Each structure stands twice: as structure tokens, then as C-alpha cells.
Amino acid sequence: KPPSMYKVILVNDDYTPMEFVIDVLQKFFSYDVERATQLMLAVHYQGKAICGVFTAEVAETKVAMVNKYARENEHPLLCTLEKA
């Protein structure tokens, strides 16, 4: 019984700075700046994008950490889980 996998999703909003999202992507998903920036733009232009796909526990930890980091820096940036 292989484990269910979960997609980590970033949702676009109009107030979180692009610089910040890029930072999030490097810090919590090990993206280099270039890939991070493109990914931020995929979110920005499409409204949402998949940052990664992980085992449930890993995914839920990423999500919780990304959101906490966002609120602590007073941004509304929303990270969510989706079952793959």
C-alpha cells in the first residue's frame, strides 16, 4: 500500500511582495533564485502553482512552515495541500 502523495501549492495574492515569495521558495523548497523566480511568476500569472510533491507529513510540514513564515513577516501568502 504505497503512501498517498501530496502536492504543495502556492496561491497568488495581490499584496505579498514577489521578492518575498522568491525567498520562501529558496528557503523552504531548495529552489535556486532562477527557478524560484520563474515559479513565483507561474503563481503570479496563473493564480496558483505546484511548488513540490511530497509524502503527506513532509508536505504538511512545508505548508505549515511557509504559512507561519508568511504571517510572521506580515504577508497574506497562502500555501495549501492538495492530494496528488
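Throughout, we count residues from 1 along the sequence that is shown.
As listed in the deposited structure, the average C-alpha B-factor of 4-12 and of 73-81 is greater for 4-12. Set 53-61 against 37-45 and average the Cα temperature factors; 53-61 ends up higher.
In the deposited entry, the Cα temperature factor of residue 66 places it in the lowest third of its chain's modelled residues. Sort the modelled residues of the chain by CA B factor and residue 22 lands in the lowest third.
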